[PDB]
Structures are given as structure tokens and as C-alpha cells.
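Participant: Pasting model04.cif here (mmCIF, C-alpha atoms):
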```
data_protein
loop_
_atom_site.group_PDB
_atom_site.id
_atom_site.type_symbol
_atom_site.label_atom_id
_atom_site.label_comp_id
_atom_site.auth_asym_id
_atom_site.auth_seq_id
_atom_site.Cartn_x
_atom_site.Cartn_y
_atom_site.Cartn_z
ATOM 1 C CA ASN P 440 8.141 26.308 -7.087
ATOM 2 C CA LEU P 441 7.874 29.957 -8.182
ATOM 3 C CA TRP P 442 8.801 29.562 -11.836
ATOM 4 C CA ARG P 443 6.099 26.941 -12.336
ATOM 5 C CA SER P 444 3.495 29.221 -10.770
ATOM 6 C CA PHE P 445 4.564 31.926 -13.221
ATOM 7 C CA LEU P 446 4.140 29.688 -16.261
ATOM 8 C CA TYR P 447 0.812 28.385 -14.990
ATOM 9 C CA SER P 448 -0.635 31.862 -14.511
ATOM 10 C CA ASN P 449 0.211 33.135 -17.984
ATOM 11 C CA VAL P 450 1.135 30.346 -20.410
ATOM 12 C CA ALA P 451 -1.061 27.525 -19.119
ATOM 13 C CA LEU P 452 -4.138 29.630 -18.614
ATOM 14 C CA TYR P 453 -5.123 31.898 -21.534
ATOM 15 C CA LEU P 454 -4.936 28.769 -23.697
ATOM 16 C CA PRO P 455 -7.672 27.839 -26.189
ATOM 17 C CA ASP P 456 -9.985 24.996 -25.327
ATOM 18 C CA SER P 457 -9.740 21.244 -26.002
ATOM 19 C CA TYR P 458 -6.573 21.573 -23.873
ATOM 20 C CA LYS P 459 -8.016 22.727 -20.561
ATOM 21 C CA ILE P 460 -10.097 20.212 -18.618
ATOM 22 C CA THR P 461 -13.171 20.422 -16.383
ATOM 23 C CA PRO P 462 -12.859 18.657 -12.990
ATOM 24 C CA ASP P 463 -15.293 16.381 -11.150
ATOM 25 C CA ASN P 464 -18.969 17.520 -11.386
ATOM 26 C CA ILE P 465 -18.482 21.268 -11.649
ATOM 27 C CA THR P 466 -21.466 22.760 -13.459
ATOM 28 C CA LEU P 467 -20.295 24.703 -16.436
ATOM 29 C CA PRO P 468 -22.719 27.176 -17.988
ATOM 30 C CA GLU P 469 -23.262 25.990 -21.539
ATOM 31 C CA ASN P 470 -22.447 29.461 -22.895
ATOM 32 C CA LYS P 471 -19.010 28.918 -24.399
ATOM 33 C CA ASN P 472 -17.703 32.429 -23.688
ATOM 34 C CA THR P 473 -19.394 33.646 -20.491
ATOM 35 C CA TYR P 474 -17.226 34.378 -17.471
ATOM 36 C CA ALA P 475 -18.266 31.423 -15.312
ATOM 37 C CA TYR P 476 -17.435 29.062 -18.180
ATOM 38 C CA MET P 477 -13.873 30.323 -18.630
ATOM 39 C CA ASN P 478 -13.589 30.363 -14.844
ATOM 40 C CA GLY P 479 -14.586 26.774 -14.095
ATOM 41 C CA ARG P 480 -12.572 25.491 -17.036
ATOM 42 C CA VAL P 481 -9.215 24.730 -15.400
ATOM 43 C CA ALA P 482 -5.926 24.577 -17.292
ATOM 44 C CA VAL P 483 -3.539 21.626 -17.172
ATOM 45 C CA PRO P 484 -0.070 22.370 -15.705
ATOM 46 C CA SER P 485 1.574 19.385 -17.401
ATOM 47 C CA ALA P 486 1.106 20.228 -21.081
ATOM 48 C CA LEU P 487 2.906 23.461 -20.225
ATOM 49 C CA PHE Z 391 8.820 18.018 0.820
ATOM 50 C CA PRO Z 392 10.656 15.811 3.334
ATOM 51 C CA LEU Z 393 14.291 14.776 2.925
ATOM 52 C CA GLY Z 394 14.207 11.198 1.671
ATOM 53 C CA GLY Z 395 10.844 11.600 -0.028
ATOM 54 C CA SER Z 396 9.152 9.394 2.571
ATOM 55 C CA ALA Z 397 8.195 9.801 6.230
ATOM 56 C CA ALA Z 398 8.079 7.156 8.978
ATOM 57 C CA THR Z 399 6.630 4.142 7.146
ATOM 58 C CA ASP Z 400 6.060 0.470 7.834
ATOM 59 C CA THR Z 401 8.467 -2.425 7.323
ATOM 60 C CA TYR Z 402 7.134 -5.044 4.923
ATOM 61 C CA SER Z 403 8.926 -8.374 4.477
ATOM 62 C CA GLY Z 404 9.601 -10.493 1.367
ATOM 63 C CA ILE Z 405 6.901 -12.956 0.365
ATOM 64 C CA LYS Z 406 6.781 -15.610 -2.377
ATOM 65 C CA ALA Z 407 3.613 -17.156 -3.788
ATOM 66 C CA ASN Z 408 2.313 -20.624 -4.470
ATOM 67 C CA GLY Z 409 -0.923 -21.039 -2.489
ATOM 68 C CA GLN Z 410 -2.128 -20.241 1.018
ATOM 69 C CA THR Z 411 1.464 -20.537 2.320
ATOM 70 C CA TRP Z 412 3.124 -17.239 1.188
ATOM 71 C CA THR Z 413 6.324 -17.799 3.205
ATOM 72 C CA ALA Z 414 10.107 -17.949 3.144
ATOM 73 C CA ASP Z 415 11.394 -16.930 -0.263
ATOM 74 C CA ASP Z 416 14.990 -16.197 0.857
ATOM 75 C CA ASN Z 417 14.830 -13.586 -1.901
ATOM 76 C CA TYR Z 418 14.445 -10.619 0.454
ATOM 77 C CA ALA Z 419 15.495 -9.851 4.003
ATOM 78 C CA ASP Z 420 14.007 -11.306 7.167
ATOM 79 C CA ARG Z 421 13.006 -7.850 8.369
ATOM 80 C CA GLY Z 422 12.701 -6.439 4.867
ATOM 81 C CA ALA Z 423 12.687 -2.707 4.309
ATOM 82 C CA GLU Z 424 10.215 0.163 4.397
ATOM 83 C CA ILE Z 425 8.195 0.714 1.217
ATOM 84 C CA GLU Z 426 6.067 3.843 1.893
ATOM 85 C CA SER Z 427 2.477 2.931 2.604
ATOM 86 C CA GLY Z 428 0.458 5.953 1.485
ATOM 87 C CA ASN Z 429 1.521 9.331 0.076
ATOM 88 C CA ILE Z 430 4.476 11.643 0.603
ATOM 89 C CA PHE Z 431 4.148 13.730 3.756
ATOM 90 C CA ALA Z 432 4.141 17.203 2.249
ATOM 91 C CA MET Z 433 3.480 20.588 3.787
ATOM 92 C CA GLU Z 434 2.270 23.703 2.024
ATOM 93 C CA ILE Z 435 3.367 27.316 1.399
ATOM 94 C CA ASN Z 436 1.818 30.195 -0.522
ATOM 95 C CA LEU Z 437 5.203 31.714 -1.341
ATOM 96 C CA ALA Z 438 4.046 34.266 -3.876
ATOM 97 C CA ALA Z 439 1.657 35.684 -1.270
#
```
Show how you would write the structure in this file as C-alpha cells.
Facilitator:
Amino acid sequence: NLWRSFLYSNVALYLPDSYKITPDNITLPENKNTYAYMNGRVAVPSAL
Amino acid sequence: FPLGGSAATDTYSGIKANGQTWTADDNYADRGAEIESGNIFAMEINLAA
């Protein structure tokens, strides 16, 4: 339960897009590189 | 997580199917056995904090 939190915080996040997914009706700013866009874009913990 | 992966859950019997009847298969037990209605009763930690 601690090794998976380590791989999610470094090697699941900081991953280029078309892998991360946006959840139910969270408004992303359409700027592809602003901070709130990389924030609300949430990484999958199953592909890594 | 709990021990057996399932908390106190309900006993469901064994039921065959032809029509409205839905009775008496003799393919499962009379009482049957518990089959976990719902989700697993978990509890939560923040162990890195």
C-alpha cells in the first residue's frame, strides 16, 4: 500500500497525455499547458 | 480490508428458472450460502502522512 503510492506519485503522474484521463464533469481549461489543466488531468494507476 | 474479503452479508438460496415458479432446483442448498450483497467493507488510512 506504500509501494503503489510511490509509483503513482512519480511514474504514473509526470506521464505525457493520451494516457491520463479526465474524470466526470471537471472543467479543464482549454490551454494545454497551464497549471489547472495539468492539475485536473488525473493519471491512471493501472497502466503503471 | 477485512479478513475474508466480505463482511456480514445475506444468505441467498438456490433458484432455478422456468416461469413464475422459480423454486426447488436441488442444485444448491436449502439455506444456501452468503454471496456478498454490495461492496467490500473497507476502512481507510493515510499511512504516508
Participant: List the neighbours of residue 402 of chain Z out to 9 Å using all atoms listed in the file; skip same-chain residues closer than 3 positions along the sequence, and give me the result as a PyMOL selection string.
Facilitator: chain Z and resi 421-425
Participant: Pick out the chain P residues within 9 Å of chain Z. Count all atoms listed in the file. Give them as a CSV table (one decimal) with C-alpha atoms, in the coordinates of the input.
Facilitator:
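Here's the written file result_11.csv:
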```csv
chain,number,residue,atom,x,y,z
P,440,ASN,CA,8.1,26.3,-7.1
P,441,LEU,CA,7.9,30.0,-8.2
P,444,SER,CA,3.5,29.2,-10.8
```
Participant: Could you list the residues chosen by the PyMOL selection byres ((chain P and resi 480) around 7) in this structure as a ChimeraX atom specification?
Facilitator: /P:459-461,476-479,481-482
Participant: Applying the PyMOL selection byres ((chain Z and resi 428) around 10) to the file I just gave you, which residues come out? Please list them as a list in words.
Facilitator: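 Evaluating the PyMOL selection byres ((chain Z and resi 428) around 10) on this file yields residues 396, 397, 399, 425, 426, 427, 429, 430 and 431 of chain Z.
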Participant: Tell me which residues the PyMOL selection byres ((chain Z and resi 418) around 12) grabs here, as a list in words.
Facilitator: residues 402, 403, 404, 405, 406, 413, 414, 415, 416, 417, 419, 420, 421, 422 and 423 of chain Z
Participant: Could you work out how far atom CA of residue 485 of chain P lies from atom CA of residue 458 of chain P, giving the answer in Å with one decimal?
Facilitator: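 About the pair atom CA of residue 458 of chain P and atom CA of residue 485 of chain P: they are 10.6 Å apart.
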Participant: Between atom CA of residue 487 of chain P and atom CA of residue 439 of chain Z, what is the spacing in Å?
Facilitator: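 These atoms are spaced 22.6 Å apart.
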Participant: Draw an axis-aligned box over all listed atoms of segment 444-458 of chain P, pad each side with 4 Å, and write its centre and edge lengths in Å, one decimal, as JSON.
Facilitator:
```
{"center_x": -2.7, "center_y": 27.2, "center_z": -18.5, "size_x": 22.5, "size_y": 19.9, "size_z": 23.4}
```
